[PDB]
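Below is one structure; the comments refer to it alone.
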Amino acid sequence: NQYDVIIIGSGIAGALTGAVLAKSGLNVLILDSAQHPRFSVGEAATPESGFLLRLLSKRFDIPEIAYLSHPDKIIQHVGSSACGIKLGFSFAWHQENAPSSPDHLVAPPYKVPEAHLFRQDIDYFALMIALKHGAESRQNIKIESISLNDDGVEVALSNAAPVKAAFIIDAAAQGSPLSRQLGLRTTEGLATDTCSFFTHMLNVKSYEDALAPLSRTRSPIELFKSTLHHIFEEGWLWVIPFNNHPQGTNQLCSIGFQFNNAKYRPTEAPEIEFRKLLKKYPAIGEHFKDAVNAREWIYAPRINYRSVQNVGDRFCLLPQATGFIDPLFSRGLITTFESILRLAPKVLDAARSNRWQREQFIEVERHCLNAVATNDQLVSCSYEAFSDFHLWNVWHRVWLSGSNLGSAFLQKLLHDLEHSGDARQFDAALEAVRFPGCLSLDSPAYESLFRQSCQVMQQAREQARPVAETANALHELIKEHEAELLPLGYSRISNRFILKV
Ligand SMILES: Cc1cc2nc3c(=O)[nH]c(=O)nc-3n(C[C@H](O)[C@H](O)[C@H](O)COP(=O)(O)OP(=O)(O)OC[C@H]3O[C@@H](n4cnc5c(N)ncnc54)[C@H](O)[C@@H]3O)c2cc1C
Ligand SMILES: [Br-]
Ligand SMILES: [Br-]
Ligand SMILES: [Br-]
Ligand SMILES: [Br-]
Ligand SMILES: [Ca+2]
Ligand SMILES: [Cl-]
């Protein structure tokens, strides 16, 4: 074998995987059919994704990875155009044929800033990390075939000799060639059925200028300095600025709109569907009076999928290649970074003992498949909560409380790793969590709240129950589990801006 590991895809997933494996002493080859620089979706970081990047950095002693968790460090070390700022999530609710109210808002602020990742710059920088640690990169390639044998993997290339390795990691997202050839991917069983239109734009007005200033909203954060979700019965639209950081130079704003295909199927070109949306929701339209498109729209008719398996003797599919649900709540980067964190030590142990069996990587699969199933429940129930603001307001606390517990758990793991300096103990601690792929990771009390709340939302959809009844039932569930959650006052529904500590 020419190499130890072949990685397909040189996006952030493949690049970071390549970096940690090469740093740890594997001969790595990264293959990509495109070349940098190149646009990619997946821009909103979360408290979880930030901690997971710092864990990867700390676990494998690669300081440059930790830079990617902080907007100031990205500006300083990647480049001033490589991110915008994110001080929280924000949700603004709307209804067709009614004026939009700036009191139909929720926006819980973070403790520390996070990033809106300008992926063309972040992903190239990440590949440079891998290249500096000795990973080889071959761009603009064409994979002819991937053979999986009992003594290794063989990848045939157009106009080049075959390459051989002990293991292949598919980090190629929706274009996973390993997923196509293995027949792993399916949409059977998925509660979520959504499409997406997305692009980058110039001259997108801030929420504050376009709709309502801070003095009106009473938000503790500018919605301009947040991942802003405009939600409504049949779908939602994101406003993710890169031009909201005072030290930043990026002029663009990322815009994407998603529809629940059960409620509305688009019939026309992206720009026409966009205009129809702004007519339906004029308040959303106030962002876009002077705005112009800085790339072509991308349309994806169905963004949701899962897999029945994602590891074998000689392969692993990373999360995007395995499964995706929706941009809502930004679980994609979380699932990805944690999967790398779990996979990489196991691949190192496999390469060091020369043992390559499916059972060695079973916990990577367990985490990934569980994460997609959790995210499917989370998102499908959220799309049902879009029908009414008061319902959304109560429902968002189910997600928030879970995410807050998950982030606290990852912070504690990082804290313990930094103090003990013990890598094996961290790996075991991550694997020992009682609910891998779930929002809290390890809280049985929370996962009871989550499961019961999701059952309430599905029953509400199935039986067309009134929204006031559904909201009240969720309120009582939150109250019932309060003591077991973090002491943030989640049951205080009148407080729409839940603060930390
Ligand atoms: C519309 C949309 C919005 C999203 N929004 C968010 C968000 O706000 N927050 C969040 O956390 N996550 C989001 N996600 C999920 C997020 O996109 C992923 O978690 C993340 O981009 C994964 O990065 P990656 O490096 O695995 O894949 P990518 O960044 O897509 O890179 C994959 C690479 O593989 C290459 N490739 C593809 N096919 C082949 C082939 N056959 N052979 C060789 N190479 C190939 C490509 O050229 C590309 O460079 C979103 C997803 C979608 C679809
Ligand atoms: Br740092
Ligand atoms: Br309310
Ligand atoms: Br209530
Ligand atoms: Br209240
Ligand atoms: Ca070797
Ligand atoms: Cl996502």
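In the structure tokens, chains take the letters A, B, ... in the order shown, each chain's residues start at 1, and ligands count up from 1 in the order shown.
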
Query raised in the report: Excluding same-chain residues fewer than 3 positions from residue 376 of chain A, what lies within 10 Å of it counting only C-alpha atoms, as an MDAnalysis selection string?
Result: chainID A and resid 189:193 304:306 324:326 370:373 379:382

**Report entry** strand (DSSP E or B) residues, from DSSP on the backbone, in segment 128-158 of chain A, as number ranges by chain
**Finding:** A: 136-138, 143-149, 152-157

Filtering to N, CA, C and O atoms, could you give me those residues as an mmCIF file, in the first residue's frame?
```
data_model
loop_
_atom_site.group_PDB
_atom_site.id
_atom_site.type_symbol
_atom_site.label_atom_id
_atom_site.label_comp_id
_atom_site.auth_asym_id
_atom_site.auth_seq_id
_atom_site.Cartn_x
_atom_site.Cartn_y
_atom_site.Cartn_z
ATOM 1 N N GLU A 136 -0.645 14.461 1.828
ATOM 2 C CA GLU A 136 -0.630 14.770 0.395
ATOM 3 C C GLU A 136 -2.057 15.073 -0.054
ATOM 4 O O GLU A 136 -3.018 14.507 0.472
ATOM 5 N N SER A 137 -2.168 15.962 -1.036
ATOM 6 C CA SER A 137 -3.445 16.418 -1.576
ATOM 7 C C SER A 137 -3.412 16.326 -3.093
ATOM 8 O O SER A 137 -2.462 16.790 -3.722
ATOM 9 N N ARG A 138 -4.454 15.734 -3.671
ATOM 10 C CA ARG A 138 -4.618 15.672 -5.123
ATOM 11 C C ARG A 138 -6.007 16.165 -5.509
ATOM 12 O O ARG A 138 -7.016 15.506 -5.250
ATOM 13 N N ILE A 143 -12.365 9.850 -9.600
ATOM 14 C CA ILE A 143 -12.306 8.482 -9.082
ATOM 15 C C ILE A 143 -13.076 7.545 -10.028
ATOM 16 O O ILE A 143 -14.277 7.714 -10.239
ATOM 17 N N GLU A 144 -12.363 6.566 -10.588
ATOM 18 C CA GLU A 144 -12.933 5.579 -11.519
ATOM 19 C C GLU A 144 -13.648 4.466 -10.767
ATOM 20 O O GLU A 144 -14.742 4.049 -11.147
ATOM 21 N N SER A 145 -12.995 3.965 -9.724
ATOM 22 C CA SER A 145 -13.548 2.907 -8.886
ATOM 23 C C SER A 145 -12.841 2.855 -7.539
ATOM 24 O O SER A 145 -11.703 3.301 -7.416
ATOM 25 N N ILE A 146 -13.534 2.318 -6.539
ATOM 26 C CA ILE A 146 -12.961 2.069 -5.215
ATOM 27 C C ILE A 146 -13.199 0.597 -4.886
ATOM 28 O O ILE A 146 -14.342 0.183 -4.681
ATOM 29 N N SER A 147 -12.121 -0.182 -4.851
ATOM 30 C CA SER A 147 -12.189 -1.603 -4.501
ATOM 31 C C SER A 147 -11.836 -1.814 -3.037
ATOM 32 O O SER A 147 -10.804 -1.333 -2.573
ATOM 33 N N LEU A 148 -12.700 -2.531 -2.324
ATOM 34 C CA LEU A 148 -12.475 -2.893 -0.927
ATOM 35 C C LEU A 148 -12.150 -4.385 -0.861
ATOM 36 O O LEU A 148 -12.987 -5.218 -1.192
ATOM 37 N N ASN A 149 -10.925 -4.705 -0.455
ATOM 38 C CA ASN A 149 -10.444 -6.089 -0.376
ATOM 39 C C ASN A 149 -10.099 -6.408 1.074
ATOM 40 O O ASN A 149 -10.064 -5.505 1.913
ATOM 41 N N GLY A 152 -6.795 -4.465 1.953
ATOM 42 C CA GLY A 152 -6.759 -3.012 1.773
ATOM 43 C C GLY A 152 -7.785 -2.453 0.813
ATOM 44 O O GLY A 152 -8.706 -3.148 0.379
ATOM 45 N N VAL A 153 -7.598 -1.177 0.494
ATOM 46 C CA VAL A 153 -8.459 -0.420 -0.406
ATOM 47 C C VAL A 153 -7.638 -0.049 -1.640
ATOM 48 O O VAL A 153 -6.457 0.266 -1.517
ATOM 49 N N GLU A 154 -8.264 -0.087 -2.817
ATOM 50 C CA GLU A 154 -7.625 0.349 -4.069
ATOM 51 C C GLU A 154 -8.516 1.343 -4.822
ATOM 52 O O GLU A 154 -9.659 1.027 -5.147
ATOM 53 N N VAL A 155 -7.974 2.531 -5.098
ATOM 54 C CA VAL A 155 -8.703 3.611 -5.780
ATOM 55 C C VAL A 155 -8.078 3.867 -7.156
ATOM 56 O O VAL A 155 -6.911 4.254 -7.251
ATOM 57 N N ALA A 156 -8.862 3.644 -8.211
ATOM 58 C CA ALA A 156 -8.433 3.902 -9.587
ATOM 59 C C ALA A 156 -8.732 5.350 -9.964
ATOM 60 O O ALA A 156 -9.804 5.870 -9.642
ATOM 61 N N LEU A 157 -7.786 5.987 -10.654
ATOM 62 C CA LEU A 157 -7.885 7.396 -11.039
ATOM 63 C C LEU A 157 -7.765 7.542 -12.555
ATOM 64 O O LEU A 157 -7.052 6.768 -13.204
#
```

Query raised in the report: Using only C-alpha atoms and all ligand atoms, which protein or nucleic acid residues are at most 7 Å from ligand 2, as JSON, numbers by chain?
Result: {"A": [63, 66, 67, 70, 73]}

Print the selection's residues with N, CA and C atoms to a file, as an mmCIF file, in the first residue's frame.
```cif
data_model
loop_
_atom_site.group_PDB
_atom_site.id
_atom_site.type_symbol
_atom_site.label_atom_id
_atom_site.label_comp_id
_atom_site.auth_asym_id
_atom_site.auth_seq_id
_atom_site.Cartn_x
_atom_site.Cartn_y
_atom_site.Cartn_z
ATOM 1 N N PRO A 63 -2.485 23.526 17.456
ATOM 2 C CA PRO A 63 -3.039 24.831 17.850
ATOM 3 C C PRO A 63 -3.887 25.558 16.802
ATOM 4 N N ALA A 66 -7.810 25.191 16.859
ATOM 5 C CA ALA A 66 -8.539 25.988 17.860
ATOM 6 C C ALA A 66 -8.867 27.416 17.393
ATOM 7 N N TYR A 67 -8.013 27.995 16.543
ATOM 8 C CA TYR A 67 -8.292 29.303 15.911
ATOM 9 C C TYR A 67 -9.658 29.346 15.231
ATOM 10 N N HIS A 70 -12.909 30.584 17.096
ATOM 11 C CA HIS A 70 -13.060 31.975 17.542
ATOM 12 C C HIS A 70 -13.043 32.972 16.401
ATOM 13 N N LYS A 73 -9.757 35.098 16.326
ATOM 14 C CA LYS A 73 -8.611 34.305 15.875
ATOM 15 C C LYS A 73 -8.661 33.989 14.382
#
```

**Report entry** Surroundings of ligand 7 up to 7 Å, based on only C-alpha atoms and all ligand atoms, as JSON, numbers by chain
**Finding:** {"A": [42, 326, 327, 328, 329, 330, 331, 332, 333]}

Writing out the chosen residues with N, CA and C atoms as a PDB file, in the first residue's frame:
```
ATOM      1  N   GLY A  42     -22.800  25.574   4.984  1.00  0.00           N
ATOM      2  CA  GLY A  42     -22.532  25.115   6.345  1.00  0.00           C
ATOM      3  C   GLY A  42     -21.705  26.131   7.093  1.00  0.00           C
ATOM      4  N   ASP A 326     -31.344  18.912   8.092  1.00  0.00           N
ATOM      5  CA  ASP A 326     -31.721  20.291   7.771  1.00  0.00           C
ATOM      6  C   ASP A 326     -30.683  21.257   8.343  1.00  0.00           C
ATOM      7  N   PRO A 327     -30.494  22.430   7.704  1.00  0.00           N
ATOM      8  CA  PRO A 327     -29.680  23.482   8.332  1.00  0.00           C
ATOM      9  C   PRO A 327     -30.177  23.980   9.694  1.00  0.00           C
ATOM     10  N   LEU A 328     -31.471  23.822   9.979  1.00  0.00           N
ATOM     11  CA  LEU A 328     -32.058  24.306  11.227  1.00  0.00           C
ATOM     12  C   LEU A 328     -31.327  23.727  12.438  1.00  0.00           C
ATOM     13  N   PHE A 329     -30.809  24.632  13.272  1.00  0.00           N
ATOM     14  CA  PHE A 329     -30.017  24.333  14.484  1.00  0.00           C
ATOM     15  C   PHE A 329     -28.550  23.954  14.264  1.00  0.00           C
ATOM     16  N   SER A 330     -28.095  23.905  13.012  1.00  0.00           N
ATOM     17  CA  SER A 330     -26.667  23.758  12.710  1.00  0.00           C
ATOM     18  C   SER A 330     -26.024  22.531  13.370  1.00  0.00           C
ATOM     19  N   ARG A 331     -26.702  21.390  13.285  1.00  0.00           N
ATOM     20  CA  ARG A 331     -26.190  20.144  13.867  1.00  0.00           C
ATOM     21  C   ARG A 331     -25.145  19.448  12.997  1.00  0.00           C
ATOM     22  N   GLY A 332     -25.034  19.860  11.735  1.00  0.00           N
ATOM     23  CA  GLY A 332     -24.143  19.213  10.779  1.00  0.00           C
ATOM     24  C   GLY A 332     -22.680  19.271  11.164  1.00  0.00           C
ATOM     25  N   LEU A 333     -22.191  20.473  11.462  1.00  0.00           N
ATOM     26  CA  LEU A 333     -20.799  20.648  11.891  1.00  0.00           C
ATOM     27  C   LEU A 333     -20.525  19.990  13.248  1.00  0.00           C
TER      28      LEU A 333
END
```

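Pocket residues of ligand 4, taken as those with any atom at most 8 Å away using only C-alpha atoms and all ligand atoms, are residues 390, 394, 468, 471, 472, 473, 474, 475, 476 and 493 of chain A.
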
Just want the 10 Å neighbourhood of segment 19-29 of chain A, counted on only C-alpha atoms, with same-chain residues fewer than 4 positions away dropped. Output as a PDB file with N, CA, C and O atoms, in the first residue's frame.
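Wrote selection.pdb, looks like this:
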```pdb
ATOM      1  N   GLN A   2       0.553   2.191  -0.914  1.00  0.00           N
ATOM      2  CA  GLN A   2       1.226   3.497  -0.991  1.00  0.00           C
ATOM      3  C   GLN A   2       1.009   4.349   0.262  1.00  0.00           C
ATOM      4  O   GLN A   2       1.921   5.048   0.704  1.00  0.00           O
ATOM      5  N   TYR A   3      -0.208   4.292   0.806  1.00  0.00           N
ATOM      6  CA  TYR A   3      -0.624   5.125   1.941  1.00  0.00           C
ATOM      7  C   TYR A   3      -1.299   4.295   3.027  1.00  0.00           C
ATOM      8  O   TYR A   3      -1.645   3.137   2.815  1.00  0.00           O
ATOM      9  N   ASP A   4      -1.471   4.906   4.194  1.00  0.00           N
ATOM     10  CA  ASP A   4      -2.226   4.304   5.297  1.00  0.00           C
ATOM     11  C   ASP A   4      -3.717   4.561   5.130  1.00  0.00           C
ATOM     12  O   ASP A   4      -4.530   3.645   5.234  1.00  0.00           O
ATOM     13  N   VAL A   5      -4.054   5.820   4.868  1.00  0.00           N
ATOM     14  CA  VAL A   5      -5.440   6.268   4.751  1.00  0.00           C
ATOM     15  C   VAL A   5      -5.620   7.164   3.525  1.00  0.00           C
ATOM     16  O   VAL A   5      -4.843   8.092   3.319  1.00  0.00           O
ATOM     17  N   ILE A   6      -6.648   6.871   2.728  1.00  0.00           N
ATOM     18  CA  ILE A   6      -7.130   7.777   1.682  1.00  0.00           C
ATOM     19  C   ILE A   6      -8.392   8.477   2.197  1.00  0.00           C
ATOM     20  O   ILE A   6      -9.271   7.837   2.766  1.00  0.00           O
ATOM     21  N   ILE A   7      -8.461   9.791   1.995  1.00  0.00           N
ATOM     22  CA  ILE A   7      -9.622  10.603   2.368  1.00  0.00           C
ATOM     23  C   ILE A   7     -10.208  11.204   1.092  1.00  0.00           C
ATOM     24  O   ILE A   7      -9.483  11.817   0.312  1.00  0.00           O
ATOM     25  N   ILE A   8     -11.508  11.014   0.876  1.00  0.00           N
ATOM     26  CA  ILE A   8     -12.207  11.632  -0.253  1.00  0.00           C
ATOM     27  C   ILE A   8     -12.868  12.907   0.246  1.00  0.00           C
ATOM     28  O   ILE A   8     -13.659  12.864   1.184  1.00  0.00           O
ATOM     29  N   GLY A  14     -12.736  16.518   5.666  1.00  0.00           N
ATOM     30  CA  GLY A  14     -11.597  15.780   5.112  1.00  0.00           C
ATOM     31  C   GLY A  14     -10.248  16.383   5.461  1.00  0.00           C
ATOM     32  O   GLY A  14      -9.292  15.657   5.744  1.00  0.00           O
ATOM     33  N   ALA A  15     -10.179  17.712   5.449  1.00  0.00           N
ATOM     34  CA  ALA A  15      -8.954  18.439   5.770  1.00  0.00           C
ATOM     35  C   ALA A  15      -8.530  18.229   7.220  1.00  0.00           C
ATOM     36  O   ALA A  15      -7.383  17.874   7.486  1.00  0.00           O
ATOM     37  N   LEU A  56     -10.481  18.782  19.314  1.00  0.00           N
ATOM     38  CA  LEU A  56      -9.613  18.246  18.250  1.00  0.00           C
ATOM     39  C   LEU A  56      -8.213  18.857  18.305  1.00  0.00           C
ATOM     40  O   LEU A  56      -7.214  18.151  18.163  1.00  0.00           O
ATOM     41  N   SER A  57      -8.159  20.169  18.519  1.00  0.00           N
ATOM     42  CA  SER A  57      -6.901  20.900  18.663  1.00  0.00           C
ATOM     43  C   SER A  57      -6.086  20.411  19.860  1.00  0.00           C
ATOM     44  O   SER A  57      -4.887  20.143  19.737  1.00  0.00           O
ATOM     45  N   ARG A  59      -6.662  17.527  21.722  1.00  0.00           N
ATOM     46  CA  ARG A  59      -6.450  16.074  21.658  1.00  0.00           C
ATOM     47  C   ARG A  59      -5.251  15.665  20.791  1.00  0.00           C
ATOM     48  O   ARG A  59      -4.561  14.702  21.124  1.00  0.00           O
ATOM     49  N   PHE A  60      -5.013  16.386  19.695  1.00  0.00           N
ATOM     50  CA  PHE A  60      -3.934  16.046  18.745  1.00  0.00           C
ATOM     51  C   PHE A  60      -2.775  17.060  18.673  1.00  0.00           C
ATOM     52  O   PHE A  60      -1.884  16.917  17.832  1.00  0.00           O
ATOM     53  N   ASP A  61      -2.770  18.047  19.573  1.00  0.00           N
ATOM     54  CA  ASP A  61      -1.729  19.098  19.635  1.00  0.00           C
ATOM     55  C   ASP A  61      -1.515  19.830  18.294  1.00  0.00           C
ATOM     56  O   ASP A  61      -0.407  19.861  17.748  1.00  0.00           O
ATOM     57  N   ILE A  62      -2.600  20.397  17.771  1.00  0.00           N
ATOM     58  CA  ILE A  62      -2.566  21.223  16.559  1.00  0.00           C
ATOM     59  C   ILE A  62      -3.248  22.556  16.898  1.00  0.00           C
ATOM     60  O   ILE A  62      -4.453  22.702  16.682  1.00  0.00           O
ATOM     61  N   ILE A  65      -6.060  24.538  14.720  1.00  0.00           N
ATOM     62  CA  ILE A  65      -7.464  24.098  14.688  1.00  0.00           C
ATOM     63  C   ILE A  65      -8.334  24.903  15.666  1.00  0.00           C
ATOM     64  O   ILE A  65      -9.465  25.257  15.327  1.00  0.00           O
ATOM     65  N   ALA A 126      -7.903  25.116   6.374  1.00  0.00           N
ATOM     66  CA  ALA A 126      -7.911  23.779   6.981  1.00  0.00           C
ATOM     67  C   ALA A 126      -7.087  22.776   6.176  1.00  0.00           C
ATOM     68  O   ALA A 126      -6.374  21.954   6.755  1.00  0.00           O
ATOM     69  N   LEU A 127      -7.192  22.836   4.848  1.00  0.00           N
ATOM     70  CA  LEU A 127      -6.377  21.987   3.980  1.00  0.00           C
ATOM     71  C   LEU A 127      -4.895  22.310   4.139  1.00  0.00           C
ATOM     72  O   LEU A 127      -4.060  21.400   4.141  1.00  0.00           O
ATOM     73  N   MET A 128      -4.572  23.595   4.267  1.00  0.00           N
ATOM     74  CA  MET A 128      -3.196  24.015   4.524  1.00  0.00           C
ATOM     75  C   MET A 128      -2.646  23.453   5.843  1.00  0.00           C
ATOM     76  O   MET A 128      -1.457  23.146   5.916  1.00  0.00           O
ATOM     77  N   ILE A 129      -3.495  23.309   6.867  1.00  0.00           N
ATOM     78  CA  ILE A 129      -3.085  22.621   8.108  1.00  0.00           C
ATOM     79  C   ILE A 129      -2.644  21.191   7.780  1.00  0.00           C
ATOM     80  O   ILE A 129      -1.567  20.764   8.200  1.00  0.00           O
ATOM     81  N   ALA A 130      -3.475  20.462   7.037  1.00  0.00           N
ATOM     82  CA  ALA A 130      -3.168  19.076   6.667  1.00  0.00           C
ATOM     83  C   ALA A 130      -1.872  18.961   5.857  1.00  0.00           C
ATOM     84  O   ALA A 130      -1.033  18.105   6.144  1.00  0.00           O
ATOM     85  N   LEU A 131      -1.716  19.840   4.868  1.00  0.00           N
ATOM     86  CA  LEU A 131      -0.520  19.881   4.021  1.00  0.00           C
ATOM     87  C   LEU A 131       0.762  20.193   4.791  1.00  0.00           C
ATOM     88  O   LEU A 131       1.810  19.620   4.501  1.00  0.00           O
ATOM     89  N   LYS A 132       0.684  21.103   5.758  1.00  0.00           N
ATOM     90  CA  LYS A 132       1.839  21.436   6.603  1.00  0.00           C
ATOM     91  C   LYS A 132       2.256  20.306   7.548  1.00  0.00           C
ATOM     92  O   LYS A 132       3.413  20.250   7.964  1.00  0.00           O
ATOM     93  N   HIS A 133       1.317  19.425   7.892  1.00  0.00           N
ATOM     94  CA  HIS A 133       1.609  18.238   8.709  1.00  0.00           C
ATOM     95  C   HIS A 133       1.942  16.980   7.900  1.00  0.00           C
ATOM     96  O   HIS A 133       2.069  15.895   8.469  1.00  0.00           O
ATOM     97  N   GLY A 134       2.087  17.130   6.584  1.00  0.00           N
ATOM     98  CA  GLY A 134       2.604  16.066   5.728  1.00  0.00           C
ATOM     99  C   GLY A 134       1.577  15.244   4.975  1.00  0.00           C
ATOM    100  O   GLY A 134       1.942  14.262   4.331  1.00  0.00           O
ATOM    101  N   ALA A 135       0.299  15.619   5.047  1.00  0.00           N
ATOM    102  CA  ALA A 135      -0.723  14.986   4.207  1.00  0.00           C
ATOM    103  C   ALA A 135      -0.511  15.407   2.754  1.00  0.00           C
ATOM    104  O   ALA A 135      -0.208  16.565   2.489  1.00  0.00           O
ATOM    105  N   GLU A 136      -0.645  14.461   1.828  1.00  0.00           N
ATOM    106  CA  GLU A 136      -0.630  14.770   0.395  1.00  0.00           C
ATOM    107  C   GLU A 136      -2.057  15.073  -0.054  1.00  0.00           C
ATOM    108  O   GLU A 136      -3.018  14.507   0.472  1.00  0.00           O
ATOM    109  N   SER A 137      -2.168  15.962  -1.036  1.00  0.00           N
ATOM    110  CA  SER A 137      -3.445  16.418  -1.576  1.00  0.00           C
ATOM    111  C   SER A 137      -3.412  16.326  -3.093  1.00  0.00           C
ATOM    112  O   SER A 137      -2.462  16.790  -3.722  1.00  0.00           O
ATOM    113  N   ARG A 138      -4.454  15.734  -3.671  1.00  0.00           N
ATOM    114  CA  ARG A 138      -4.618  15.672  -5.123  1.00  0.00           C
ATOM    115  C   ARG A 138      -6.007  16.165  -5.509  1.00  0.00           C
ATOM    116  O   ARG A 138      -7.016  15.506  -5.250  1.00  0.00           O
ATOM    117  N   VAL A 163      -4.001   4.122  -6.650  1.00  0.00           N
ATOM    118  CA  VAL A 163      -3.452   4.366  -5.317  1.00  0.00           C
ATOM    119  C   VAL A 163      -4.064   3.368  -4.344  1.00  0.00           C
ATOM    120  O   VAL A 163      -5.226   2.977  -4.488  1.00  0.00           O
ATOM    121  N   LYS A 164      -3.265   2.966  -3.362  1.00  0.00           N
ATOM    122  CA  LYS A 164      -3.624   1.895  -2.439  1.00  0.00           C
ATOM    123  C   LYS A 164      -3.459   2.338  -0.988  1.00  0.00           C
ATOM    124  O   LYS A 164      -2.558   3.116  -0.664  1.00  0.00           O
ATOM    125  N   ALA A 165      -4.340   1.837  -0.123  1.00  0.00           N
ATOM    126  CA  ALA A 165      -4.327   2.191   1.297  1.00  0.00           C
ATOM    127  C   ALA A 165      -4.959   1.129   2.187  1.00  0.00           C
ATOM    128  O   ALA A 165      -5.650   0.227   1.713  1.00  0.00           O
ATOM    129  N   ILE A 168     -10.192   3.774   3.910  1.00  0.00           N
ATOM    130  CA  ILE A 168     -10.711   4.931   3.170  1.00  0.00           C
ATOM    131  C   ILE A 168     -11.793   5.656   3.972  1.00  0.00           C
ATOM    132  O   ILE A 168     -12.747   5.042   4.443  1.00  0.00           O
ATOM    133  N   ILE A 340     -15.183  12.831  13.836  1.00  0.00           N
ATOM    134  CA  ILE A 340     -13.722  12.838  13.615  1.00  0.00           C
ATOM    135  C   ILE A 340     -12.986  12.552  14.932  1.00  0.00           C
ATOM    136  O   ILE A 340     -12.012  11.792  14.965  1.00  0.00           O
ATOM    137  N   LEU A 341     -13.467  13.177  16.001  1.00  0.00           N
ATOM    138  CA  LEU A 341     -12.899  13.036  17.345  1.00  0.00           C
ATOM    139  C   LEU A 341     -12.958  11.581  17.835  1.00  0.00           C
ATOM    140  O   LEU A 341     -12.000  11.079  18.429  1.00  0.00           O
ATOM    141  N   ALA A 344     -10.798   9.140  14.756  1.00  0.00           N
ATOM    142  CA  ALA A 344      -9.349   9.261  14.536  1.00  0.00           C
ATOM    143  C   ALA A 344      -8.465   8.371  15.437  1.00  0.00           C
ATOM    144  O   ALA A 344      -7.563   7.712  14.920  1.00  0.00           O
ATOM    145  N   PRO A 345      -8.725   8.330  16.765  1.00  0.00           N
ATOM    146  CA  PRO A 345      -7.960   7.411  17.630  1.00  0.00           C
ATOM    147  C   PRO A 345      -8.118   5.933  17.274  1.00  0.00           C
ATOM    148  O   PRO A 345      -7.168   5.164  17.418  1.00  0.00           O
ATOM    149  N   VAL A 347      -8.747   4.737  14.187  1.00  0.00           N
ATOM    150  CA  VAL A 347      -7.972   4.535  12.958  1.00  0.00           C
ATOM    151  C   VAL A 347      -6.474   4.443  13.273  1.00  0.00           C
ATOM    152  O   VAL A 347      -5.773   3.620  12.685  1.00  0.00           O
ATOM    153  N   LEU A 348      -5.996   5.286  14.190  1.00  0.00           N
ATOM    154  CA  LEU A 348      -4.608   5.212  14.660  1.00  0.00           C
ATOM    155  C   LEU A 348      -4.288   3.865  15.311  1.00  0.00           C
ATOM    156  O   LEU A 348      -3.255   3.269  15.009  1.00  0.00           O
ATOM    157  N   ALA A 351      -4.204   1.210  12.528  1.00  0.00           N
ATOM    158  CA  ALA A 351      -2.952   1.314  11.769  1.00  0.00           C
ATOM    159  C   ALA A 351      -1.721   0.840  12.552  1.00  0.00           C
ATOM    160  O   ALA A 351      -0.755   0.366  11.954  1.00  0.00           O
ATOM    161  N   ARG A 352      -1.766   0.974  13.879  1.00  0.00           N
ATOM    162  CA  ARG A 352      -0.657   0.579  14.759  1.00  0.00           C
ATOM    163  C   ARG A 352      -0.627  -0.918  15.106  1.00  0.00           C
ATOM    164  O   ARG A 352       0.446  -1.471  15.339  1.00  0.00           O
TER     165      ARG A 352
END
```

**Report entry** Sel. of helix (DSSP H, G or I) residues, segment 263-453 of chain A, as a VMD selection string
**Finding:** chain A and resid 270 to 280 282 to 285 319 to 322 331 to 353 358 to 385 389 to 420 423 to 431 444 to 453

Query raised in the report: Excluding same-chain residues fewer than 3 positions from segment 103-120 of chain A, what lies within 8 Å of it counting only C-alpha atoms, as a ChimeraX atom specification?
Result: /A:36-47,50,69-71,81-94,100,123-124,217,219-221,223,227,240-242,389,393,496-500

Report task. Select the residues contacting ligand 5 at a distance of at most 7 Å, based on only C-alpha atoms and all ligand atoms, then format the selection as an MDAnalysis selection string. Result -> chainID A and resid 491:494

Preceding selection exported with N, CA and C atoms as a PDB file, in the first residue's frame:
```
ATOM      1  N   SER A 491     -38.768  27.705  31.911  1.00  0.00           N
ATOM      2  CA  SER A 491     -40.234  27.730  31.987  1.00  0.00           C
ATOM      3  C   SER A 491     -40.866  29.129  32.007  1.00  0.00           C
ATOM      4  N   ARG A 492     -40.056  30.180  32.147  1.00  0.00           N
ATOM      5  CA  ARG A 492     -40.557  31.559  32.085  1.00  0.00           C
ATOM      6  C   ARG A 492     -40.749  32.001  30.632  1.00  0.00           C
ATOM      7  N   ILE A 493     -41.935  31.698  30.111  1.00  0.00           N
ATOM      8  CA  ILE A 493     -42.277  31.887  28.693  1.00  0.00           C
ATOM      9  C   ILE A 493     -42.286  33.364  28.290  1.00  0.00           C
ATOM     10  N   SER A 494     -42.693  34.241  29.205  1.00  0.00           N
ATOM     11  CA  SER A 494     -42.688  35.687  28.950  1.00  0.00           C
ATOM     12  C   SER A 494     -41.277  36.263  28.731  1.00  0.00           C
TER      13      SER A 494
END
```

Query raised in the report: Any idea what's packed within 8 Å of residue 251 of chain A, counting only C-alpha atoms, ignoring anything in its chain fewer than 5 positions away? Could you give it as a PyMOL selection string?
Result: chain A and resi 202-203+242-243

Since we have the selection now, will you write its residues out, keeping N, CA and C atoms, as a short mmCIF file (atom, residue, chain, number, x, y, z; two decimals), in the first residue's frame?
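New file part-v2.cif:
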```
data_model
loop_
_atom_site.label_atom_id
_atom_site.label_comp_id
_atom_site.auth_asym_id
_atom_site.auth_seq_id
_atom_site.Cartn_x
_atom_site.Cartn_y
_atom_site.Cartn_z
N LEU A 202 -24.92 40.68 -1.73
CA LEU A 202 -24.40 41.99 -1.35
C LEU A 202 -25.53 42.87 -0.87
N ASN A 203 -25.19 43.87 -0.05
CA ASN A 203 -26.13 44.91 0.39
C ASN A 203 -27.42 44.41 1.07
N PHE A 242 -21.63 37.83 6.88
CA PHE A 242 -20.17 37.84 7.05
C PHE A 242 -19.64 39.27 7.24
N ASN A 243 -20.51 40.27 7.07
CA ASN A 243 -20.14 41.70 7.12
C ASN A 243 -20.57 42.42 8.40
#
```
